[PDB]
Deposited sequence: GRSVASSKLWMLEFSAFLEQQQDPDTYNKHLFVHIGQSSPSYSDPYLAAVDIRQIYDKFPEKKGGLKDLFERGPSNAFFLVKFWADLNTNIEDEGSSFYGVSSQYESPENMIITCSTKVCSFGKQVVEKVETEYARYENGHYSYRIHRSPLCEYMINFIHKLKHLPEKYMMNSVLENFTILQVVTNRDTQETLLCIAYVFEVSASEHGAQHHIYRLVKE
């Protein structure tokens, strides 16, 4: 269990483009995918500038804790796909020992400023001695679809990475009733060059 606090574990996360060739034929391209050991640490102060500030922002959330709920994911995104019959989606799955009502906030940021927020409420399903939470085929917001379109129309890979340096995503999963931070995941991005998508996962620490 990599991305896991004491109360919640994210077992699956993927962003994808699904193209319908014909009514029985679907081609799915994964942009990014995640599917007990101790991870390497990153000083959170090194990335505060790339995420929303003020009350409810990353610093505020981290200081309120708990410290074990905070992670940084570095993605190498696979942009090699044919860009009517397209579905851009995000899917994720979580497990908890506790029966909770959870809220998943996803904030897309440019130069550390919030551009768009998507907020989803999830209820528990009992499964194999624990509770499961699934966000299944959540539509990617139009900003993201537009962003990917503009990225692919860039003629050089170094241009794509330059843009991505200032594009980030902040995912905050919260217990709806108690407001406890169950998971807070900061996402940073490069383009994959190896023919696909890869990731490093880090723990966010105070220093």
Parts of the chain sequence, as deposited, that carry no C-alpha coordinates in this structure: 1, 37 to 43, 92 to 94, 207
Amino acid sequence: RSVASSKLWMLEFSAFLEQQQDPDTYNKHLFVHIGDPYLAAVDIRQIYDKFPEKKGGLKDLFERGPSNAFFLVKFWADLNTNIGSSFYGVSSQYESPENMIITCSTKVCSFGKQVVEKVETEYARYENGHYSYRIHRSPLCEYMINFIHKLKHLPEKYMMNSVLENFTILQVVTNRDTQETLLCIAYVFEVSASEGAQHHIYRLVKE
From here on, numbers count along this sequence of modelled residues.
Between 18 to 26 and 186 to 194, point out the one with the higher average CA B-factor as the PDB entry records it. 18 to 26
Using the B-factors recorded in the PDB entry, average over the C-alpha atoms of 169 to 177 and of 48 to 56, then report which stretch comes out higher. 48 to 56
Top Cα B-factor in this entry, restricted to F31, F70, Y38, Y143, sits on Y38
Going by the entry, which of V108, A124, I135, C104 has the most elevated CA B factor? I135
For the chain shown, is the CA B-factor of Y158 in the lowest, middle or highest third of its modelled residues? highest
For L61, return the chain-relative third of its C-alpha B-factor as stated in the PDB record: lowest, middle or highest. middle
CA B-factor placement of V119, once the chain's modelled residues are sorted into thirds: highest
Ordered by C-alpha B-factor within the chain, which third holds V42? Give me lowest, middle or highest, please. middle
Sorting by Cα B-factor within the chain, modelled residues only, which third would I83 end up in: lowest, middle or highest? highest
